[PDB]
Amino acid sequence: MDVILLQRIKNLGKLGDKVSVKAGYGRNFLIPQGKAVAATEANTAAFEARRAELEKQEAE
RNA sequence: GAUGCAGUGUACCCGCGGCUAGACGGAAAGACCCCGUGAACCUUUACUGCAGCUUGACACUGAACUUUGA
């Protein structure tokens with residue numbers, strides 16, 4: 001699956017990078033625990049549109 | 001393998017008590033035997049399927065280090 005990282009991951013990328021991961025990884029660890037979001041068009045519109053700066057200065 | 005055919009012998013008409021030599025006596029479309037491109041159930045290294053058991057591939061199924069083969 002294709003995901004956009006909401007918050008920093010050790011090897012995937014940082015704060016909004018779009019990466020492809022194995023389906024189980026995203027389905028069972030990232031998405032339920034809020035560490036990423038699915039890379040759909042509406043979710044992208046949501047991510048860069050408004051809450052981008054909020055995720056940014058919530059660096060820690 | 002004859003009461004009923006041929007020849008011949010014997011024999012007046014009809015019961016009752018007994019008897020079982022015969023009526024290939026009665027009883028059950030022979031069970032033995034053979035046949036039908038009949039049946040059923042059982043067996044097996046007869047044939048062909050399937051359940052069960054088991055092998056690997058793909059899916060559910062992810063994250064990090066590492067070592068080694070052609």
Side-chain angles (χ1 to χ4, degrees):
Chain A
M1 63 194 328
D2 280 329
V3 285
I4 293 178
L5 315 163
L6 299 186
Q7 65 93 334
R8 72 158 200 97
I9 317 291
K10 292 309 303 170
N11 301 311
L12 289 186
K14 287 337 177 294
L15 307 184
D17 204 343
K18 164 154 104 215
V19 210
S20 52
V21 286
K22 274 134 145 43
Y25 191 12
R27 173 196 301 116
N28 290 322
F29 187 66
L30 274 35
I31 301 279
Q33 287 199 355
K35 298 171 187 351
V37 71
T40 71
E41 305 271 11
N43 291 331
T44 304
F47 158 67
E48 306 75 333
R50 189 174 181 179
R51 65 165 184 257
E53 190 36 47
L54 178 44
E55 146 188 322
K56 285 168 184 62
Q57 90 303 14
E58 285 272 332
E60 215 154 64

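Residue numbers begin at 1 in each chain, while the letters A, B, ... track the order of the sequences. The figures here come from the full heavy-atom set of this structure, side chains too, leaving out hydrogens, waters and symmetry mates.
- In this view, A:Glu41 satisfies the side-chain contact (heavy atoms from CB on, under 4.5 Å) rule with no residue, not counting sequence neighbours.
- Other residues sharing the hydrophobic cluster of A:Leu6, ordered by chain and number and joined by side-chain separations under 4.5 Å: A:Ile4, A:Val37, A:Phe47.
- With sequence neighbours excluded, the residues forming a side-chain contact (heavy atoms from CB on, under 4.5 Å) with A:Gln57 are A:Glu53, A:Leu54, listed by chain and number.
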For residues 11-35 of chain A, dump all side-chain donor-acceptor pairs below 3.5 Å to protein atoms at least two apart in sequence or in another chain.
| from | atom 1 | to | atom 2 | distance (Å) |
| --- | --- | --- | --- | --- |
| A:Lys14 | NZ | A:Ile9 | O | 3.3 |

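- Across every non-hydrogen atom of A:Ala39 and A:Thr44, the tightest pair is C-OG1, 4.4 Å.
- A:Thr40 is linked by a side chain to side chain donor-acceptor pair (under 3.5 Å) to A:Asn43, counting only residues two or more places apart in sequence or in another chain.
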